[PDB]
Amino acid sequence: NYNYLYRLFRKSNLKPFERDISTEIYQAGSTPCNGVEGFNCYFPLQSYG
Amino acid sequence: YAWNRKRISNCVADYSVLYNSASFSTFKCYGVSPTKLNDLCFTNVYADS
């Protein structure tokens, strides 16, 4: 049941009572990202097996 | 099996031009932070090359 998704990291820290739907990625390392978004861009969200 | 143990520490883990060096393989370590290395000094870190 991979329909449930969860973030991998947020540049900012938590914030009580707020929902974030951003899907872009940050320049972390290895293959940080292409341009701003696209290929070689580890998705911020991963599902549940 | 005889992996090294040299205590490479109390030094400068400079990476400014190293990161921009595309030919370089990898220097970002999640351990503390990819950025928290330049002036960061190691307690007793031992290389195991």
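Details
- Evaluating 6.51 cos²θ - 1.76 cosθ + 1.60 at θ = phi - 60° for every residue in the stretch A:36-48, the Karplus couplings come out as 10, 8, x, 6, 6, 10, 2, 5, x, 10, 10, 8, 10 Hz, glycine and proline recorded as x.
- Pair residue A:30, residue B:27: separation of 7 Å Cα→Cβ label points (nm): 1.9
- Magnitude of the charge dipole, chain B, Cβ model with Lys/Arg +1 and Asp/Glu -1, debye to 20: 140
- Value of Rg to Rh for chain A, rounded to two decimals, is 1.00; Kirkwood radius and Rg both from alpha-carbon coordinates.
- Distance (nanometres) between label positions extended 7 Å along Cα→Cβ at residue B:40 and residue A:46: 2.1
- With an a/c value of 1.5 or above and a/b not larger than b/c for the gyration tensor axes a ≥ b ≥ c computed over the alpha-carbon atoms, chain B is described as oblate.
- Listed by chain and number, the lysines whose alpha-carbon sits under 21 Å from that of residue A:11, ignoring those within fewer than 8 places in the same chain, are B:28, B:36.
- Gyration tensor (alpha-carbon) shape descriptor, the protein assembly as shown, a/c threshold 1.5: prolate
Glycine gets a Cβ as well: all are built from the backbone with ideal geometry, and neighbour counts include every protein chain shown. FYI, it's all coordinate maths here, none of it is from the lab.
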